[PDB]
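Asker: Have a look at this one.
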Amino acid sequence: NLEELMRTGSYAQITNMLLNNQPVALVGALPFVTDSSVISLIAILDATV
Amino acid sequence: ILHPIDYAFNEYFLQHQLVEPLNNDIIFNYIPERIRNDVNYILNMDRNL
Amino acid sequence: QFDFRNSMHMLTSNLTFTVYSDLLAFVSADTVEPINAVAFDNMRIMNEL
């Protein structure tokens, strides 16, 4: 939960899950940026955020 | 080149140093444990030893 | 009498290092938002709102 993530300020589980490159799922409200370039599609830039 | 008294003094000062290595675990357990166990505060290690 | 074969001595010491005493500049503690603070029983610090 992103709500809990912001509320409690903890980052332990998420950091360890992401560092070891393991599947994760986040549920919560997020603004989106629309990119419609196939250059961005081929050159992976959807995970560097 | 020194007299035995001076050399004994200096060697005793050298071998009885008061300094100890500083690890991440040591600096983490030096912080009081009750505050570490809390959830209101978050302790993050950022500086590189 | 000044004797050279016993006055000569070799010292032992570390190569180089730095002295650290503060031990608090290597840790950061950012507080959670003041409204959502909880207690030992995982209930919020102030339960009136």
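Residues in the structure tokens are numbered from 1 in each chain, the chains being A, B, ... in the order shown, and ligands are numbered from 1 in the order shown.
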Which residues of chain C are close to chain A, meaning at most 10 Å apart when you count only C-alpha atoms, and how do they look as a VMD selection string?
Answerer: chain C and resid 30 to 33 35 to 38
Asker: Residues of chain C within 10 Å of chain B, using only C-alpha atoms, as JSON, numbers by chain?
Answerer: {"C": [2, 3, 4, 5, 6, 7, 8, 9, 10, 11, 12, 13, 14, 19, 20, 23, 24, 25, 26, 27, 28, 29, 30, 31, 32, 33, 34, 36, 37, 38, 39, 40, 42, 45]}
Asker: Write the selection just made, keeping N, CA, C and O atoms, as a tab-separated table (two decimals), in the first residue's frame?
Answerer:
chain	number	residue	atom	x	y	z
C	2	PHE	N	76.67	3.66	26.98
C	2	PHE	CA	75.80	3.65	25.81
C	2	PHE	C	76.07	2.41	24.97
C	2	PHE	O	77.13	2.28	24.36
C	3	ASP	N	75.11	1.49	24.95
C	3	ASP	CA	75.19	0.28	24.13
C	3	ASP	C	74.20	0.40	22.99
C	3	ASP	O	73.03	0.73	23.21
C	4	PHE	N	74.66	0.14	21.77
C	4	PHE	CA	73.83	0.33	20.58
C	4	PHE	C	72.97	-0.87	20.25
C	4	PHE	O	71.84	-0.70	19.76
C	5	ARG	N	73.45	-2.09	20.49
C	5	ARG	CA	72.71	-3.28	20.07
C	5	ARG	C	71.44	-3.49	20.87
C	5	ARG	O	70.54	-4.20	20.40
C	6	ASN	N	71.32	-2.90	22.06
C	6	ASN	CA	70.10	-3.00	22.84
C	6	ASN	C	69.26	-1.72	22.80
C	6	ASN	O	68.04	-1.80	22.99
C	7	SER	N	69.88	-0.57	22.56
C	7	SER	CA	69.11	0.67	22.47
C	7	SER	C	68.28	0.71	21.20
C	7	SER	O	67.22	1.35	21.18
C	8	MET	N	68.73	0.06	20.13
C	8	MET	CA	67.97	0.02	18.89
C	8	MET	C	66.70	-0.79	19.07
C	8	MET	O	66.71	-1.86	19.69
C	9	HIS	N	65.60	-0.28	18.53
C	9	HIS	CA	64.31	-0.95	18.64
C	9	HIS	C	63.45	-0.59	17.44
C	9	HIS	O	63.65	0.45	16.80
C	10	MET	N	62.48	-1.45	17.15
C	10	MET	CA	61.54	-1.25	16.06
C	10	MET	C	60.14	-0.99	16.61
C	10	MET	O	59.69	-1.67	17.53
C	11	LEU	N	59.46	-0.01	16.03
C	11	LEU	CA	58.12	0.36	16.46
C	11	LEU	C	57.08	-0.30	15.57
C	11	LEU	O	57.33	-0.61	14.40
C	12	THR	N	55.89	-0.52	16.13
C	12	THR	CA	54.77	-1.11	15.42
C	12	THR	C	53.57	-0.18	15.53
C	12	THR	O	53.23	0.27	16.63
C	13	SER	N	52.93	0.11	14.40
C	13	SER	CA	51.80	1.02	14.37
C	13	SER	C	51.04	0.80	13.07
C	13	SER	O	51.52	0.13	12.15
C	14	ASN	N	49.84	1.37	13.00
C	14	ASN	CA	49.03	1.31	11.80
C	14	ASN	C	49.52	2.33	10.77
C	14	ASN	O	50.16	3.33	11.11
C	19	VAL	N	40.42	10.04	12.78
C	19	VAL	CA	39.81	9.99	14.10
C	19	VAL	C	38.35	10.43	13.99
C	19	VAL	O	38.06	11.52	13.48
C	20	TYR	N	37.44	9.58	14.45
C	20	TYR	CA	36.02	9.88	14.47
C	20	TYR	C	35.52	9.86	15.91
C	20	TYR	O	35.77	8.90	16.65
C	23	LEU	N	30.21	10.48	15.68
C	23	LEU	CA	29.41	9.26	15.53
C	23	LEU	C	27.93	9.54	15.32
C	23	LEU	O	27.12	8.61	15.37
C	24	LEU	N	27.54	10.79	15.07
C	24	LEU	CA	26.15	11.14	14.81
C	24	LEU	C	25.93	11.81	13.47
C	24	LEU	O	24.78	11.95	13.05
C	25	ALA	N	26.99	12.22	12.77
C	25	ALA	CA	26.86	12.80	11.44
C	25	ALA	C	26.65	11.76	10.36
C	25	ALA	O	26.42	12.12	9.20
C	26	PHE	N	26.72	10.47	10.71
C	26	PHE	CA	26.55	9.39	9.75
C	26	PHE	C	25.16	8.78	9.80
C	26	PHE	O	24.93	7.74	9.17
C	27	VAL	N	24.23	9.39	10.53
C	27	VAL	CA	22.87	8.87	10.66
C	27	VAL	C	21.89	10.02	10.44
C	27	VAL	O	22.14	11.15	10.88
C	28	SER	N	20.79	9.72	9.76
C	28	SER	CA	19.73	10.68	9.53
C	28	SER	C	18.42	10.11	10.06
C	28	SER	O	18.13	8.93	9.88
C	29	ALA	N	17.63	10.97	10.71
C	29	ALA	CA	16.36	10.55	11.30
C	29	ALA	C	15.31	11.60	10.93
C	29	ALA	O	15.25	12.67	11.54
C	30	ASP	N	14.49	11.28	9.93
C	30	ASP	CA	13.41	12.16	9.50
C	30	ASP	C	12.11	11.70	10.16
C	30	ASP	O	11.71	10.55	10.01
C	31	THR	N	11.47	12.62	10.88
C	31	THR	CA	10.25	12.28	11.59
C	31	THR	C	9.09	12.11	10.61
C	31	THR	O	9.05	12.71	9.54
C	32	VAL	N	8.13	11.27	11.01
C	32	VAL	CA	6.89	11.11	10.26
C	32	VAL	C	6.06	12.37	10.43
C	32	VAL	O	6.40	13.24	11.25
C	33	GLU	N	5.00	12.50	9.65
C	33	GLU	CA	4.11	13.65	9.79
C	33	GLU	C	3.54	13.67	11.21
C	33	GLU	O	3.14	12.61	11.72
C	34	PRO	N	3.47	14.83	11.86
C	34	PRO	CA	3.08	14.85	13.28
C	34	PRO	C	1.69	14.30	13.55
C	34	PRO	O	1.43	13.83	14.66
C	36	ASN	N	0.06	11.64	12.21
C	36	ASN	CA	0.00	10.18	12.27
C	36	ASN	C	1.21	9.65	13.05
C	36	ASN	O	2.18	9.15	12.48
C	37	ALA	N	1.13	9.76	14.37
C	37	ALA	CA	2.09	9.15	15.27
C	37	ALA	C	1.37	8.12	16.13
C	37	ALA	O	0.28	8.40	16.64
C	38	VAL	N	1.96	6.94	16.27
C	38	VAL	CA	1.31	5.87	17.02
C	38	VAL	C	2.11	5.55	18.28
C	38	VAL	O	3.20	6.10	18.49
C	39	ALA	N	1.59	4.66	19.10
C	39	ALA	CA	2.16	4.30	20.40
C	39	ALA	C	2.57	2.83	20.38
C	39	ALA	O	2.61	2.18	19.33
C	40	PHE	N	2.91	2.31	21.57
C	40	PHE	CA	3.39	0.94	21.67
C	40	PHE	C	2.35	-0.06	21.19
C	40	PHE	O	2.69	-1.07	20.56
C	42	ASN	N	0.31	0.15	18.83
C	42	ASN	CA	0.00	0.39	17.42
C	42	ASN	C	-1.26	1.22	17.22
C	42	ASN	O	-1.80	1.28	16.11
C	45	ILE	N	-1.16	8.07	18.55
C	45	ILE	CA	-0.79	8.75	19.79
C	45	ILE	C	-1.96	9.55	20.33
C	45	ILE	O	-2.25	9.52	21.54
Asker: Which neighbours of range 26-30 of chain A fall inside 8 Å, counting only C-alpha atoms, when residues of the same chain fewer than 4 positions from it are skipped, and could you give them as a list in words?
Answerer: residues 1, 2 and 3 of chain A
Asker: With only C-alpha atoms as the basis for distance, which of A:15, A:22, A:48, A:34 is at the shortest distance from chain B?
Answerer: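 Distance minimum relative to chain B lands on A:15.
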Asker: Could you check the closest approach to chain B for each of A:25, A:39, A:47, A:12 and tell me which residue wins, using only C-alpha atoms?
Answerer: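 Closest candidate: A:12.
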